[PDB]
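Values below: every heavy atom of this structure, side chains too, minus hydrogens, waters and symmetry copies. Order of the sequence lines fixes the chain letters, A, B, ..., with proteins taken first and strands second; residue numbering starts at 1 for each chain. Counting convention: from 1, in listed order, for ligands and their atoms alike.
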Amino acid sequence: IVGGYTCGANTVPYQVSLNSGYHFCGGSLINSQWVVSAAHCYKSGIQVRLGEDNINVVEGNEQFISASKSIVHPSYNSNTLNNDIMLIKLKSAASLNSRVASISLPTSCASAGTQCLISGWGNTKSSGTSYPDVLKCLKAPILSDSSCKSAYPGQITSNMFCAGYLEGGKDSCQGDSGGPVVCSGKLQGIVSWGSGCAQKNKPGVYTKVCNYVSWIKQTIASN
Amino acid sequence: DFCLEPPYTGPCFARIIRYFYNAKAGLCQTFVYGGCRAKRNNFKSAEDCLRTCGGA
Ligand SMILES: [Ca+2]
């Protein structure tokens, strides 16, 4: 997250870290045994880390649980990045409390202008590299489909939305993929792709979760 | 020769560590891959990298 602020220990209880020997993507806990992330974060040997703040030191609130299954959307397109969503089943259920909790799926899609909270342990520099120890947060508004399509001609599908600032300076970056975009307490997006980080006129692009609620609920129930 | 191409992170925001052949140093080095749209100078291990590009 470029241009954000330190969230504060366990203030984003649904945020998870996907670890394969190191943090490589984020994810959101939707219920005690399932996590939602991006399809491009698919990897073998994933260990899910819950209750994390400082990802480099054991602070005592963590729960490390291996993934038993990783289900990438059947129509995910690695070229166009359409349907960039994946569900990860935990080998065992997490113990939910105030430091670890699930986030609600949306009842409907959010509109342009809605303010949302984006979080992650990704790069904090637009020009350079600086990975944080603690979780970073960013408040950004959802942008209109029209402006999103103007920023990325012929690349935006009905399953994607832009969020951020056209001036640049505040955005998601490498290491934030799969993380949550929460608006009004509901999970509306998944950090997906963009053009560099925090560049002017190039807001981040996110997977539009409201279009997959039916698929998520049914998939979780039959696995 | 794809072995001489600079490493390509891509548009996606993951932080996946991969290898690429660095012809200037004459060895395979690590770089951050974003998770999508990989070019060919992108390997999962140093061994794969050396086997494919070693001495290019
Ligand atoms: Ca920790």
Quiz item: How is the N/O/S atom of A:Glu62 that comes nearest to the Ca ion (ligand 1) named?
Solution: OE2
Quiz item: Looking just at side-chain N and O atoms, do A:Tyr212 and A:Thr207 make a donor-acceptor pair shorter than 3.5 Å?
Solution: no
Quiz item: Can an N, O or S atom be found in A:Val57 less than 3.0 Å away from the Ca ion (ligand 1)?
Solution: yes
Self-check item: Distance-only donor-acceptor check, side chains A:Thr157 and A:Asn82, under 3.5 Å
Solution: yes
Quiz item: Does the shortest distance from the Ca ion (ligand 1) to an N/O/S atom of A:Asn61 fall below 3.0 Å?
Solution: no
Exercise. Test A:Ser17 against every option in A:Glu62, A:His23, A:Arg49, A:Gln47 by the side chain to side chain donor-acceptor pair (under 3.5 Å) rule and name the one that passes.
Key: A:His23
Quiz item: So, A:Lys136 and A:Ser119: side-chain donor and acceptor under 3.5 Å apart, yes or no?
Solution: no
Exercise. Starting from the Ca ion (ligand 1), look over the N/O/S atoms of A:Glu52 and name the nearest one.
Key: OE1
